[PDB]
């Protein structure tokens, strides 16, 4: 669920997830239209696609377990849905971390009417 995703983000990037990732660019949080602003915004866009595919899994509220094996996130649930949503979250957190080098503070709480273009296809 959003609780696990939230933990994951903070563990992987050391950033406050609400301030740093919930209003970023065009696709983080609730945003969903426009061409993504940069790599970070793109992590948001693929994470949304990942959740779209798993609509029958209640990605936002569905709780799951995860742990680490030498620092790596391992999704640890048996329920196919819990495994899958976790995979989405995991890939996103790693994506955020792998792209901290281009994180742009100017996009933190981006004015969404500025979002132009069509995003890629999921």
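Residue numbers count along the first chain shown, from 1.
J.: Quick one: higher average CA temperature factor, 88 to 96 or 47 to 55?
T.: Looking at the record's C-alpha B-factors, the answer is 47 to 55.
J.: Going by the mean C-alpha B-factor recorded in the entry, which is higher: 75 to 83 or 38 to 46?
T.: 75 to 83 has the higher mean C-alpha B-factor.
J.: Determine, from the deposited record, the chain-internal third of the Cα B-factor for residue 103: lowest, middle or highest.
T.: Answer is middle: the recorded C-alpha B-factor places it there.
J.: Would you mind ranking residue 113 by its C-alpha B-factor against the rest of the chain and naming the third, lowest, middle or highest?
T.: According to the entry, residue 113 has a C-alpha B-factor in the chain's highest third.
J.: Divide the modelled residues of the chain into thirds by Cα B-factor and specify which third, lowest, middle or highest, holds residue 32.
T.: CA B-factor rank for residue 32: highest third.
J.: Can you work out whether the C-alpha temperature factor of residue 61 puts it in the lowest, middle or highest third of the chain?
T.: Within its chain, residue 61 is a middle-third residue by C-alpha B-factor, going by the deposited values.
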